[PDB]
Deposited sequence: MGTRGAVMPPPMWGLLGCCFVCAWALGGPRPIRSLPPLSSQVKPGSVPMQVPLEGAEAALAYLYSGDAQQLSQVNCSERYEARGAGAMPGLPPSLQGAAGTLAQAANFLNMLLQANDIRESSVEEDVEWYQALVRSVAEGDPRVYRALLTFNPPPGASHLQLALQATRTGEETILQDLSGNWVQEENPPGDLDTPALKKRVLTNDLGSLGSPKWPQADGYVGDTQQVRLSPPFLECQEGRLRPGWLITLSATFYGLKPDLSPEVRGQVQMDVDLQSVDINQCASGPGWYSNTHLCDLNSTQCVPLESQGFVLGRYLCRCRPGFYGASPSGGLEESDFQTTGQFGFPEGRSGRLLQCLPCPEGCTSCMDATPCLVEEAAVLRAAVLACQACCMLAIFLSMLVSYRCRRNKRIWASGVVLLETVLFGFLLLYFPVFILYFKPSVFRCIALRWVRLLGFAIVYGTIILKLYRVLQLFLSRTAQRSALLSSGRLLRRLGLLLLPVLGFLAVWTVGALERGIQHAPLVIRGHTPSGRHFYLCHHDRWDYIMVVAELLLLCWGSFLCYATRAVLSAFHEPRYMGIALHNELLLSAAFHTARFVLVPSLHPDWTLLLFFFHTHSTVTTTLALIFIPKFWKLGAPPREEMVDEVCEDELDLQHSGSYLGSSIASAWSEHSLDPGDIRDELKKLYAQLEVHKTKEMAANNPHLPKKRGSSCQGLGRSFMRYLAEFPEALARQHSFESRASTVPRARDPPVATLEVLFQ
């Protein structure tokens, strides 16, 4: 059976080799069935070559030796016994003499078997009668112990066979084998060499470990399946003459670890798009950062922060010694509107997100409140009593501030409690382009806020177009332009920034807030500097 025998080549069990009959040996058959002569077999071939060289020197020197082999049996018995001790992994030895000219019986056979701590010699002659390779030349001369010529061999002349399982009493013997053979020549009357016999040994090789990942002198040298594009071959060791025993881990480059991470096939470790996107986990890592854009934007913001703080600090005393409260309140409002890009610079936190909303909505309420309070007061005293309002502006500002303050709180209370308790929503972000990040979530209560600040500003637009230089003329351009900018900004933001880079949205926020707040500041405080 050529099936169970092939299954024996992948598992070391010998009981699986039972239940099979034999009529012929089964020789192994693979890519490297015949590799060459490995080193231990060089050591054994050294033993095998010496016997042949001794025999051919003896037979070439004298022509009677080939005859009278019957009474010279002691020497050949000792020779086969010596050959049988050549290696510890030797199973049998055989010495055979070719017959005389035109005969049917081998003149002599002899075999030695290595059964435990013993050697057995049996004739095997008569009742078993079934049957120049670049030979070197030497000159044989003697001084004290004429001159003639001779022929000799060499250890690499030794021949090797594929591996095979011998079969006995019709059943296959467990344990592979390999035979080494050599030939010894005589001398014929024209004095060129001729064959006279052979000497052989069978060597067991089950304990010899196969290395299949690497190369060099073995038997199955390089026949692994793992491709060296995504995987690296790692041979397991401390085993016998067993095939298929190796793994191949995915190298760090294509470390997708799709095919079990490897413990022209078994190479399907997924090509990782990054160092994270499928390697060390089948999910992505955070998106790349920068340190030139971030610090530059932070410094450019801190410029305006220090400038407005300088204005407020310097404007404290140059009216005390003489509307200071309106001026400092509006400057505090602008300071309060210049935070959010600074707030949207560090790592995210629910406190940070709600604080961003806090500062954003309170700043708008306190700055845009004054703009529209002065606008509709003018339209209410133009042609339709607080002539300058001399404090009543502060009263109306508080009336508008307390309500706005509460809205922020309740939603802050409810959303913060539910988020940090059971988290109907959490800080959670992910790009659809193949990245990951953390972000503050958006809500229907954030849609109410936007609509409330957009209708508040539309009422002022109606106030502007009611009357359609002086105070209101500058304010009209600012209010309409900032409506258009804010509407476009929110319409973009609520559907883009889930899928946008953190740096890109930081830049978007920076450009938006700089444009709108700087435009408002310029177009409100320019008339104050020239009059």
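Where C-alpha coordinates are absent, the deposited sequence of this PDB chain has the segments 1 to 54, 186 to 193, 208 to 214, 333 to 350, 410 to 414, 477 to 481, 566 to 570, 634 to 759.
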